[PDB]
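One point on numbering: in the deposited numbering, the residue at position 355 of the sequence shown is 362, and numbering is uninterrupted. The structure appears below as structure tokens.
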Amino acid sequence: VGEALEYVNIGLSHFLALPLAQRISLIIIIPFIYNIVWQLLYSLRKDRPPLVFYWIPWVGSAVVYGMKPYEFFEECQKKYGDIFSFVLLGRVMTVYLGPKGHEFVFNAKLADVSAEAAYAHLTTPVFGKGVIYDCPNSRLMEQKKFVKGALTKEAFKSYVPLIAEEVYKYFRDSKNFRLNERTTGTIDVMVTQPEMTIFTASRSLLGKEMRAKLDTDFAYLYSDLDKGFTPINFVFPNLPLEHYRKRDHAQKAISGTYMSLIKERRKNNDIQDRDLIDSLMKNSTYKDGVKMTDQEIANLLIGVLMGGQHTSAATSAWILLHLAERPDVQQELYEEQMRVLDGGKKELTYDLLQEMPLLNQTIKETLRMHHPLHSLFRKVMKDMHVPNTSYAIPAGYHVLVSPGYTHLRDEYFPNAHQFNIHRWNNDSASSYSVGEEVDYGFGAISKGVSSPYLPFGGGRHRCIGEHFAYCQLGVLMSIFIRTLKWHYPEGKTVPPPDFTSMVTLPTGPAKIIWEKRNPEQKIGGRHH
Ligand code: HEM
Ligand SMILES: O=c1c2cc(F)ccc2nc(-n2cncn2)n1-c1ccc(Cl)cc1Cl
Numbered sequence: 008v009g010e011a012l013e014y015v016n017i018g019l020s021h022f023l024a025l026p027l028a029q030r031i032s033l034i035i036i037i038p039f040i041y042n043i044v045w046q047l048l049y050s051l052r053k054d055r056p057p058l059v060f061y062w063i064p065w066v067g068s069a070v071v072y073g074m075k076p077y078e079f080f081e082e083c084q085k086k087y088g089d090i091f092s093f094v095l096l097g098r099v100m101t102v103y104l105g106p107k108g109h110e111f112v113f114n115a116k117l118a119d120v121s122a123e124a125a126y127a128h129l130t131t132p133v134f135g136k137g138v139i140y141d142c143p144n145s146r147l148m149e150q151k152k153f154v155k156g157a158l159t160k161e162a163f164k165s166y167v168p169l170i171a172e173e174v175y176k177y178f179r180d181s182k183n184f185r186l187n188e189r190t191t192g193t194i195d196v197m198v199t200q201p202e203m204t205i206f207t208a209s210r211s212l213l214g215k216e217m218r219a220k221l222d223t224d225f226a227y228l229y230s231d232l233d234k235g236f237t238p239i240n241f242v243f244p245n246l247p248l249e250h251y252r253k254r255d256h257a258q259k260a261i262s263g264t265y266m267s268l269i270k271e272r273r274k275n276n277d278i279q280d281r282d283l284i285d286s287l288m289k290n291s292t293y294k295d296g297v298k299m300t301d302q303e304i305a306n307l308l309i310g311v312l313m314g315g316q317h318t319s320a321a322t323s324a325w326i327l328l329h330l331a332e333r334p335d336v337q338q339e340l341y342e343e344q345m346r347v348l349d350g351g352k353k354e355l356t357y358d359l360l361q362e363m364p365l366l367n368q369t370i371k372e373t374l375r376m377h378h379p380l381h382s383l384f385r386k387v388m389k390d391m392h393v394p395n396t397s398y399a400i401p402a403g404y405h406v407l408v409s410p411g412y413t414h415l416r417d418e419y420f421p422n423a424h425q426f427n428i429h430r431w432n433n434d435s436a437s438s439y440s441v442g443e444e445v446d447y448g449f450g451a452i453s454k455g456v457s458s459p460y461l462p463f464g465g466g467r468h469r470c471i472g473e474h475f476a477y478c479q480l481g482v483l484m485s486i487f488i489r490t491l492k493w494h495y496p497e498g499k500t501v502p503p504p505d506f507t508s509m510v511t512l513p514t515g516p517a518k519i520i521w522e523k524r525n526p527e528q529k530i531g532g533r534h535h
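Following this line, the structure appears as structure tokens:
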């Protein structure tokens, strides 16, 4: 054998003397083969959930996942059931589909999984520091407690006329509408809905100063910060290219603006309750006694607005697109508007919004068929055992939960692919805890997360903007419905979703034709 141990040696030297043709050829075929072999070996573990097969190492199933994630999920579900892992741009994602999925990931022990470990690389470049996913979970919990303290029923009662004012101003002044000079037109909902979202959100959460700056060049900074919030930040987070530093410019620029306004409200004492900025100023002292720096506060503002911008605008687009081919639902929604607002002689209020169940059902149903975030991740911190199986999810893996996939399942939603607001009759609540509650720092929320309809997640990371979004979407749709009818151009229909972005947007252009319900109606106020 010693004459073979000489030969491993010899053979080794001859490898180092291959032409660079075969050397490069080998540095690609050696890893390709080991990859394929490791998988076959992997499939013989019985404490591991089935791993989706793939050819290209590191990249894994990222193509099909990234492009059509629900269909990926469905085919995986058919060959392996509800638990399966797949590889994604260097990471291993264990997907648990269905309500026990929600349970296993949303109700995971703090010690078992990390949300900030998963998200901070995407969000921190964008929002700034010391906030959201750039702090310990405990801090997050109190930050949510803060924000949510400006998301009160009385807050909502002041925001509603402000939001309405913005919609009306938008109809009057935007080149997309100009209702005072045109009775009909075509809009890209993907153009209109983002401006409407930022305008209304800005004016209400950030106040009238901050809204006004959007009428200037300053608005482009929101657009710059916007582009840095993209999945590419997951694999290539900081690359010395130009989109990355207009991003960082904007983060600095916008944050500075808030601090400018923050500090000068304190150097006066223009501290009321008008907006979230007032609120966070009066209310951002942690339980251990620390106060949020002005910088942190501002970064928390950026985060809050960013999160409500994309989800809400997408939902707003989808509502318009689904209704554009359902003049019966527009008709139904309009009658409810007339009955609740007494033919329009009542002014819209947060209270009156709550008495529009069909309106809220449309929001509800849209959020069902078009959940904004098709995937939520965690990273596993301790080996997790999955009941009732032999599976251990080893630390360093990622768990992926996808309530939006469950939303589109016939098992839990009869005719799941049919837009039907009436599947929610006598049931228009944004959401409700259907049993016992629990509190993590920002208020009592559902303890069980087994509801097959989970648009806002659950557990410690559960959303806190649900009521803001229904408020915004409510006022928005109330006014669209009372002002306009709208339909598709010839042979157009509901676009299919673009899953590749951070949010599941419709595939643009998604155009609708509007026409005034009342051609001779003039929106008041003044423009130049
Ligand atoms: C249609 C609108 C929205 C939908 C469908 C939605 C959905 C969600 C979901 C699924 C989560 C949980 C994320 C996870 O567990 O990994 C979440 C979290 C959160 N959302 Fe929303 N959201 C919406 C709007 C908003 C708005 C308007 C705001 C703020 C004004 C907001 C702020 C937040 C915050 C602060 C969290 C906490 C995240 C954490 O603790 O990790 N969201 N949202
Ligand atoms: O970062 C994320 C986020 C990151 C992901 F990788 C996936 C989904 C996400 N979903 C949300 N949102 C949930 N509601 C609104 N946005 N946020 C997020 C969470 C909290 C805040 Cl303040 C802002 C954002 Cl964008």
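Using N, Cα and C, we set each Cβ at its ideal position, and we do this for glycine too.
| Check | Outcome |
| --- | --- |
| Expected contact under 8 Å - CB spacing of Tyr61 and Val94 to nearest Å | 6 Å |
| Ligand 1 heavy atom lying under 8 Å from the CB of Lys151 | yes |
| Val441 versus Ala127: straight-line alpha-carbon distance, rounded | 32 Å |
| N- and C-terminal bounds of the alpha helix (DSSP H) containing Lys107 | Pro106 to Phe113 |
| Contacting residues, own chain, Cβ-Cβ under 6 Å from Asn183 (five flanking each side not counted) | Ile194 and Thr199 |
| Unbroken stretches of the alpha helix (DSSP H), 4 residues or longer, contained in the segment 236 to 288 | 239 to 242 and 249 to 274 |
| From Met345, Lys176 and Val138, residue whose alpha carbon lies closest to that of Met299 | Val138 |
| Sequence-distant residues of its chain with Cβ nearer than 7 Å to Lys371 (five each side left out) | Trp431 and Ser435 |
| Check: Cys142 C-beta below 8 Å from any heavy atom of ligand 1 | no |
| When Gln258, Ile239 and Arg252 are compared against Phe225, the one with the closest alpha-carbon | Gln258 |
| Those residues which DSSP pairs with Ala451 across a bridge | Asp446 |
| Contact set for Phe463: own chain, Cβ-Cβ below 7 Å, skip 5 residues either direction | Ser438, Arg469, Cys470 and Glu473 |
| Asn276 to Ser165 span [Cα, whole Å] | 21 Å |
| beta-carbon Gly235 near ligand 2 non-hydrogen atom, thresh 8 Å | no |
| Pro238 and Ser508 closer than 9 Å at C-beta | yes |
| Chain-order list of residues whose beta-carbon lies under 6 Å from that of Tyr404 (same chain, five-residue window excluded) | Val99, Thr101 and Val387 |
| As assigned by DSSP and simplified to three states, the class of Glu82 | helix |
| Under 9 Å between C-beta atoms of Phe426 and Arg533 | no |
| Three-pair Cβ contact test at 8 Å for the segment 275 to 294 versus the segment 110 to 126 | no |
| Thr322 CB to nearest heavy atom of ligand 2 below 8 Å | no |
| Coarse secondary structure for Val59, derived from DSSP in three states | coil |
| From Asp295, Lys294 and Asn290, residue whose alpha carbon lies closest to that of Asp301 | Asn290 |
| Among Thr490, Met484 and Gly448, the one whose alpha carbon lies nearest that of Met148 | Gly448 |
| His250 versus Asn525: straight-line alpha-carbon distance, rounded | 44 Å |
| 9 Å Cβ cutoff met for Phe206 and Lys176 | yes |
| beta-carbon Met509 near ligand 2 non-hydrogen atom, thresh 8 Å | yes |
| Alpha helix (DSSP H) segment containing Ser145, residue limits | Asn144 to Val154 |
| Segment contact flag, the segment 406 to 424 with the segment 350 to 367, C-beta cutoff 8 Å, min 3 pairs | no |
| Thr191 to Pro168 span [Cα, whole Å] | 26 Å |
| Expected contact under 8 Å - CB spacing of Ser319 and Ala476 to nearest Å | 5 Å |
| Rounded C-alpha distance that separates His109 from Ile31 | 45 Å |
| Residue(s) in a DSSP beta bridge with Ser92 | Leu58 and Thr101 |
| Residue nearest to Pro502 in terms of C-alpha spacing, selected from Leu483, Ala331 and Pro143 | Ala331 |
| Under 9 Å between C-beta atoms of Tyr412 and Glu81 | yes |
| beta-carbon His378 near ligand 1 non-hydrogen atom, thresh 8 Å | yes |
| Range covered by the beta strand (DSSP E) that runs through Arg210 | It is not in any beta strand (DSSP E) - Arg210 carries neither H nor E in the DSSP assignment. |
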